[PDB]
């Protein structure tokens, strides 16, 4: 049916990585969003001014905000803006919509305006009101028996979480499913307890965190490098039939491109690769 509108309330908005927040919105009582995993809603902001020094950023992430001179940015938005954000919750988690949102600050050293909506999102405090429209979606799972390979980075975590819980918790799928998540260092990884629990509950599920720049404090001995190299060397190189898998990708643009080239070089058909392009 037609687009629905909900006036929601912010429940929480912590950082989950240096430049990503988990925004949770409480729908007005007695309402829920009838969405499909991989789908999204539109958030709206009114005209405003936000100053980055007003943000609540958890302590461990502040040093990089200082390093990147983030606190001096100011965003002036003179008209209502609408932007799409993917649901991080899966359809059964009701009463809320949860998001993973990256702050799109100006290219460093440029004089460009800060990202309009994401700068506003980063100043949202518990109790603030946010208008939401939807549901929408097209990044949906195929209904087959094929092995699934989920590949995420950055705020592309959100549809990955929605997809993976939807398969394992609602569809109770016995399909072979793996999730490969690329991040710079341990500080940028999140939902690790959730995926570890899903792996311990479902023998058909396996997840892999790969760090491209592990920090000294990480003492990292896990998978290391960029996710396309890691996924190839640790799983797809020896796979008997990678072209029989369904690949679901959502990351930053450079990651999307590198993973796609890797896959097609392997002989995977672009029709077996589904990309959520945040744009």
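Numbering follows the first chain given and starts at 1.
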Higher-scoring stretch by recorded Cα B factor average, 161-169 or 120-128: 161-169
Mean C-alpha B-factor comparison - 255-263 and 15-23, higher one: 255-263
105, 178, 75, 197, ranked by C-alpha B-factor: the highest one: 197
Options 96, 141, 148, 183 - largest CA temperature factor per the record: 96
Assigned third (lowest, middle, highest) for the C-alpha B factor of residue 174: highest
Where the record places residue 69 (Cα B-factor, split into thirds across the chain): middle
Modelled-residue ranking by C-alpha temperature factor, third containing residue 226: middle
Position of residue 242 among the chain's modelled residues by C-alpha B-factor, lowest, middle or highest third: highest
Residue 109 CA temperature factor, ranked by third within the chain: highest
